[PDB]
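Presented below is the structure to which this report refers.
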Amino acid sequence: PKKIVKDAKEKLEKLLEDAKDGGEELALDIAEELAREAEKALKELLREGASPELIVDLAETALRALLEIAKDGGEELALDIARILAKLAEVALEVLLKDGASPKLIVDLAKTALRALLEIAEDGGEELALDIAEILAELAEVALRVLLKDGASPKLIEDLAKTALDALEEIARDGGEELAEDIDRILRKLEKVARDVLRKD
Amino acid sequence: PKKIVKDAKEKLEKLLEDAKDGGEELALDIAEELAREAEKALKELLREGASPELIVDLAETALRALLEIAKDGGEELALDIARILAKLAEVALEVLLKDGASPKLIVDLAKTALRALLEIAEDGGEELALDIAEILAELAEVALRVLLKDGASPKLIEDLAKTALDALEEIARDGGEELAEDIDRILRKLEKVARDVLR
C-alpha cells in the first residue's frame, strides 16, 4: 500500500537520474525500464488493495519522469518517449477502472497525461506535433471509454473531451495551414468518438 | 488495507457468535459494539489508503452480521438493528465517497443495505413495515445524493432509485389499504427526491 509507493518512487527517481544528460540510446532503455517498474508497481498496488488516489499519485509521478526525459532530448527520442508515456497512461487508467476508481480521479490522471503530451508537441517541431496529436487523440479516446465503463456522468465525459479538443487546437495555433487541417481531421474524429460515448450515456 | 479487513472480520464474526440467539438485551449491545467496531475499521481503511472494494466487502459483511441478529429476534429488536444498520451503511457510503470509489460500487453497497432493510420488514408486522420503509427511504436519499456527488451517470442514479422505489412497493404488496397509502406518501417523497437529483 503506502509501502509500495515509497519503494516505487525511489526506483523511479534513481532511474530518472540515470541517462538524463547521459545518452539518447541509454535514455530510451532507461525509460522502458522506468515504465516497466511503474507498471509493475501499479499492478502491485491493485493486488494489495490500494486506494485509487495512491495509484493516481504513482502514475502521475512516472508520467512526469518520462516527460523530463523527452524534453531535454531530441525529437526522435521525444516521439519514442511519448509512445511509452501514452501506453503507461493506458495501463494506469485500466488499473484505476479495476481498482474501482471514481470518475474524478480518472479525469485527473487522464488530464495529466494529455497535458504531458501537449507539453512535448509545443516544444518540438511541426512533424513531431502531428505525431503527438495523433497519440493524444488515441489516448483521449481510451480515457473517454474508461470513463463510460466507470459510470461517469456526461458532465465529466464532456469535460475530459473538451480538454483533449482544446489541447489539439493548442497545437494547431503555433503551426502553418498544412498542420491546421491535419489537426482539424483529428478534431472531427475525436468529436465523433465523444459524441458516440455521450449518446450511450 | 488487506491487514485491516482480516482483523475486522474476525472481530465481527466473534462478536456475531456472541448474543446470536443469546438474550436480545445483550444482542442490542453486541450489535452496537458490532457497528462501532466496523465503523472504526472503515475509517481505518480510509486513512491507510484502502481500495473501494475492500471497503465494500467489510461494510457488507457488517451489514449482514447485523441482519442475522435482527431476524432471529423480536420486532422491537429488529427495528433497533435496522436503525443501526442504516447508520452504518451511511458511514460506509460516505467513506466510499471520500476514498474515491466508483459509482457502481456505491450502488452495489446501497442496494445491499436497502435489501437488508427490506428483509427485516419481511416476516414482520405492518407497524414494523412502515417503520422500516421510512428508514429505507431516508437511506435511499442518502445514497442517491452521494451518487450525485461522486459523478454518477443518470443511468446508475435512476437504477438505484428504481431499486428503492420497488422495495417500497414490495412492502405495500400483501399489506392493508391503510399501509398502502402510508407507503404511497413515502413513495411520492422519494420520487421527487430522485427527480431533483436526476436534474
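Labels used: A, B, ... for chains in the order of the C-alpha cells, numbers from 1 for residues in each chain, and numbers from 1 for ligands as shown.
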Within 9 Å of residue B:140, counting only C-alpha atoms, which residues qualify if same-chain residues fewer than 2 places away don't, as a list in words? residues 110, 111, 114, 135, 136, 137, 138, 142, 143, 144, 145, 160, 161, 164, 165 and 190 of chain B
Could you build a table of the residues in stretch 106-159 of chain B lying no more than 9 Å from stretch 92-108 of chain A, giving for each the nearest pair of atoms and their separation in Å rounded to one decimal place, using only C-alpha atoms, ordered by chain and ascending residue number, as a tab-separated table?
```
residue	atom	partner	partner_atom	distance
B:150	CA	A:102	CA	6.8
B:151	CA	A:103	CA	6.3
B:152	CA	A:103	CA	8.0
```
Each residue of chain B lying at most 7 Å from chain A should get a row with its shortest atom-to-atom pair and the distance in Å to one decimal, counting only C-alpha atoms; could you produce that, ordered by chain and increasing number, as JSON lines?
```
{"residue": "B:1", "atom": "CA", "partner": "A:49", "partner_atom": "CA", "distance": 6.3}
{"residue": "B:2", "atom": "CA", "partner": "A:49", "partner_atom": "CA", "distance": 6.5}
{"residue": "B:49", "atom": "CA", "partner": "A:51", "partner_atom": "CA", "distance": 4.7}
{"residue": "B:50", "atom": "CA", "partner": "A:51", "partner_atom": "CA", "distance": 4.6}
{"residue": "B:51", "atom": "CA", "partner": "A:51", "partner_atom": "CA", "distance": 4.3}
{"residue": "B:52", "atom": "CA", "partner": "A:100", "partner_atom": "CA", "distance": 6.1}
{"residue": "B:53", "atom": "CA", "partner": "A:100", "partner_atom": "CA", "distance": 6.9}
{"residue": "B:54", "atom": "CA", "partner": "A:49", "partner_atom": "CA", "distance": 6.9}
{"residue": "B:99", "atom": "CA", "partner": "A:51", "partner_atom": "CA", "distance": 6.9}
{"residue": "B:100", "atom": "CA", "partner": "A:102", "partner_atom": "CA", "distance": 4.9}
{"residue": "B:101", "atom": "CA", "partner": "A:102", "partner_atom": "CA", "distance": 4.9}
{"residue": "B:102", "atom": "CA", "partner": "A:102", "partner_atom": "CA", "distance": 4.2}
{"residue": "B:103", "atom": "CA", "partner": "A:151", "partner_atom": "CA", "distance": 6.0}
{"residue": "B:104", "atom": "CA", "partner": "A:151", "partner_atom": "CA", "distance": 6.6}
{"residue": "B:150", "atom": "CA", "partner": "A:102", "partner_atom": "CA", "distance": 6.8}
{"residue": "B:151", "atom": "CA", "partner": "A:153", "partner_atom": "CA", "distance": 5.5}
{"residue": "B:152", "atom": "CA", "partner": "A:153", "partner_atom": "CA", "distance": 5.2}
{"residue": "B:153", "atom": "CA", "partner": "A:153", "partner_atom": "CA", "distance": 4.0}
```
Kindly give the distance, in Å, that separates atom CA of residue B:169 and atom CA of residue B:185, rounded to a single decimal.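 Computed distance, atom CA of residue B:169 to atom CA of residue B:185, equals 11.5 Å.
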Find the spatial neighbours of residue A:15, counting only C-alpha atoms, within a cut-off of 8 Å - ignore same-chain residues fewer than 4 positions away - and output them as an NGL selection string. :A and (11 or 19 or 30-31 or 33-34)
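Among A:111, A:3, A:199, A:9, the residue with the shortest atom-to-atom distance to residue A:57, counting only C-alpha atoms, is A:9.
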Contacts of residue A:128 at 9 Å (only C-alpha atoms; same-chain gap of 6+ positions) as a PyMOL selection string: chain A and resi 75-76+78-79+120-121
List as an NGL selection string the protein and nucleic acid residues near residue A:70, meaning an atom at most 12 Å away when only C-alpha atoms are counted, but skip any in the same chain fewer than 4 places from it. :A and (16 or 19-21 or 24 or 27-28 or 30-31 or 63-66 or 74-85 or 116-121 or 123-124)
Just C-alpha atoms for this one: save the residues we selected as a short mmCIF file (atom, residue, chain, number, x, y, z; two decimals), in the first residue's frame.
```
data_model
loop_
_atom_site.label_atom_id
_atom_site.label_comp_id
_atom_site.auth_asym_id
_atom_site.auth_seq_id
_atom_site.Cartn_x
_atom_site.Cartn_y
_atom_site.Cartn_z
CA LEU A 16 15.45 9.26 -13.85
CA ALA A 19 20.60 8.54 -18.66
CA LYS A 20 19.36 12.09 -18.06
CA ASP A 21 22.16 14.01 -19.77
CA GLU A 24 19.85 9.12 -26.01
CA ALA A 27 17.63 7.14 -22.10
CA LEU A 28 15.28 5.07 -24.27
CA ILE A 30 16.09 3.60 -19.10
CA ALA A 31 12.63 4.97 -19.93
CA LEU A 63 4.46 10.25 -16.49
CA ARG A 64 6.32 13.38 -15.38
CA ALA A 65 9.56 11.40 -15.13
CA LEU A 66 9.13 10.31 -18.75
CA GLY A 74 15.93 15.01 -29.46
CA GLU A 75 12.69 14.82 -31.41
CA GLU A 76 13.41 11.21 -32.35
CA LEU A 77 13.62 10.35 -28.65
CA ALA A 78 10.63 12.55 -27.78
CA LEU A 79 8.35 10.57 -30.10
CA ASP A 80 9.66 7.34 -28.55
CA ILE A 81 9.03 8.63 -25.02
CA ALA A 82 5.55 9.90 -25.94
CA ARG A 83 4.58 6.45 -27.22
CA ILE A 84 5.87 4.95 -23.96
CA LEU A 85 4.08 7.63 -21.93
CA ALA A 116 2.27 15.95 -20.80
CA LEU A 117 1.87 15.01 -24.47
CA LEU A 118 0.84 18.59 -25.27
CA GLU A 119 3.98 19.81 -23.49
CA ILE A 120 6.10 17.68 -25.84
CA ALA A 121 4.36 18.81 -29.03
CA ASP A 123 8.32 22.20 -27.55
CA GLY A 124 9.03 20.28 -30.77
#
```
Would you compute the distance between atom CA of residue B:64 and atom CA of residue B:155? Give it in Å to one decimal.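 Calculated distance between atom CA of residue B:64 and atom CA of residue B:155 is 27.0 Å.
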Nearest candidate to residue B:183 (options B:7, B:159, B:134, B:68; using only C-alpha atoms):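 Closest candidate: B:134.
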By how many Å are atom CA of residue B:177 and atom CA of residue B:126 apart? 10.9 Å
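Checking A:36, A:87, A:6, A:162 one by one against residue A:113, counting only C-alpha atoms, you find the shortest gap at A:87.
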Among stretch 3-108 of chain B, which residues does DSSP mark as helix (DSSP H, G or I) when it is run on the backbone? Keep the chain and numbering as in the structure and answer as a ChimeraX atom specification. /B:3-17,25-47,52-71,75-99,103-108
List as an MDAnalysis selection string the protein and nucleic acid residues near residue B:9, meaning an atom at most 9 Å away when only C-alpha atoms are counted, but skip any in the same chain fewer than 2 places from it. chainID B and resid 4:7 11:14 38 58 61:62
With C-alpha atoms retained, could you export that selection as a tab-separated table (two decimals), in the first residue's frame?
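See part-v3.tsv below for the written result:
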```tsv
chain	number	residue	atom	x	y	z
B	4	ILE	CA	-7.18	-4.22	8.44
B	5	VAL	CA	-10.04	-6.16	6.82
B	6	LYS	CA	-8.93	-9.54	8.20
B	7	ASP	CA	-8.69	-8.25	11.77
B	11	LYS	CA	-13.83	-9.33	15.42
B	12	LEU	CA	-17.23	-9.08	13.71
B	13	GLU	CA	-17.63	-12.87	13.48
B	14	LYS	CA	-16.72	-13.40	17.13
B	38	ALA	CA	-16.97	-1.82	11.82
B	58	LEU	CA	-16.10	-5.06	5.10
B	61	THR	CA	-20.01	-8.22	5.99
B	62	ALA	CA	-21.06	-5.98	8.89
```
